[PDB]
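Only one chain is given next, in C-alpha cells, and it is the form deposited in one PDB entry.
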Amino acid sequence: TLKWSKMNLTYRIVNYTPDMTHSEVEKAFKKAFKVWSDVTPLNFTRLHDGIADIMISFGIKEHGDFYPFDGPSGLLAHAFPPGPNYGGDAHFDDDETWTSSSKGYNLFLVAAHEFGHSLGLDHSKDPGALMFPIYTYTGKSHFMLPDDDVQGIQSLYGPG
C-alpha cells in the first residue's frame, strides 16, 4: 500500500443504508474524516456527482469486488488502499444494523477505521487503537484518536 500524493481528497456517498437517515449518514462520515484531518494536513470534500477519490457504498453478500460480505456480524466493512479508481473506496455491510449509538454497529467508528485504510493505514496490534481489527464500543463521551493511530497517520502525512 502507498500513500496519497495529494492532501486534498474527495468522497461521495453513492448510496445509503436505510438504518439511518441520509443526514445521519452524512454527519457520521463527516465526523470520521475529521478524525484524520484534525491530525494531518489532509482535507476532505464531499461530492454529489462524478467519481471522487473515495467512493462510499453499502453492500451485502457479493457486491462486485468478489470479497463478499457475510451477513449479520462477522465482517463489518472493508476498504482499499490509496490509488486510482477502486483505491480509497469503502464498502459497508448493510446486513449490519447501523446506528448513531450502540443499537447495532456504530457507523462513525467503523467509518473512521475504514477511512484509515483508505489513507494507507494497516491494522494495528495495539488493542486500544482505532485501527485494531476487532470492533468495540467503549461508549466514551468525546472521541479521542489513540496515540498509535496518530503516529501511524502522521508517519505518512505529518501533522497540522
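We number the residues from 1 along the sequence you see. Each form is matched to the other, and the largest set of C-alpha atoms that superpose within 1.5 Å is called the rigid core.
In terms of root mean square C-alpha deviation after superposing on the rigid core in 7 other deposited structures of this protein, the stretch standing farther out between 59-67 and 22-30 is 59-67. In all of the other compared structures of this protein with flanking residues present, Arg12 is modelled, so it falls below the one-third mark for missing coordinates. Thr136, modelled here, also has coordinates in every other compared entry of this protein that models residues flanking it, well short of the third needed to call it frequently missing. For the pair 15-23 and 137-145, the record assigns the higher mean C-alpha temperature factor to 137-145.
Just going by the entry, 127-135 versus 56-64 on mean CA temperature factor gives the higher value to 56-64. Considering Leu42, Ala32, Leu107, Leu121 together, the PDB entry gives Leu42 the largest C-alpha B factor. Looking at the C-alpha B-factors along this chain, the one for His117 belongs to the lowest third.
Among all modelled residues in its chain, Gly74 ranks in the lowest third by Cα B-factor.
When the CA B factors of the chain's modelled residues are split into thirds, the value for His91 lands in the lowest one.
Among all modelled residues in its chain, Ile51 ranks in the highest third by Cα B-factor.
Same protein, other form: the form deposited with a partner chain bound, not shown, and the subject of what follows.
Although the partner is absent from this view, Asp38 stays clear of the partner chain in the entry with it bound, with no non-hydrogen atom inside 4.5 angstroms. Of the heavy atoms in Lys34, none are within 4.5 Å of the partner chain in the entry with it bound. Looking at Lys30, you'd find every heavy atom of it more than 4.5 angstroms from the partner chain in the entry with it bound.
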